[PDB]
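What follows is calculated from the coordinates using simple rules that are stated; it is not laboratory data. Don't worry about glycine lacking a Cβ; one is built from the backbone with ideal geometry, like all the others, and counts go over all protein chains shown.
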Amino acid sequence: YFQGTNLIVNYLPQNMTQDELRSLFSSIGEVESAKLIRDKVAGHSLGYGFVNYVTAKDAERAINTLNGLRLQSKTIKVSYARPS
């Protein structure tokens, strides 16, 4: 089974801010960094972000707890950020 600290969070609502993203994930455990991706020109969210936990165990708990969470008209996807 895969262990890691780094997550990608997809299908976030357009009005979710980086601070709200950080907060949601901070409820599980200590967050090393949370970054909401936005567009260059218009400042609008691209609807996804990266959340890295201090501990691997907390990233796993974040996936199990928050994957599939329904926010507004979106079902979010939380997974490990892995290459390919």
Revision key, fill the gap. Of the listed residues (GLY29, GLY43), the one being under 23 Å from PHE2 (Cα atoms) and assigned to a loop (DSSP other than H, G, I, E, B) is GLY29
Practice item. Could you please let me know if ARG82 is of a type outside the set (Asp, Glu), touching a strand residue (DSSP E or B) at 6+ places or on another chain (Cβ under 9 Å) and within 18 Å of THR5 (Cβ to Cβ)? Key: yes
**Study point:** Identity of the residue in segment 33-54, among the hydroxyl-bearing types (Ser, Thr, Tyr) and within 22 Å of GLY68 (Cβ to Cβ), that ends up surrounded by the most Cβ atoms within 10 Å (Cβ to Cβ)
**Key:** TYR53
Practice item. Give the residue that is farthest from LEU12 (Cα to Cα), with candidates limited to residues of segment 61-79 that are in a strand (DSSP E or B) and within 10 Å of the chain's Cα centre (by Cα). Key: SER79
**Study point:** Matching residues, segment 7-32, being farther than 17 Å from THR75 by Cα, under 10 Å from the mean Cα position of the chain (by Cα) and buried (at least 16 other Cβ atoms within 10 Å of the Cβ)
**Key:** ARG22
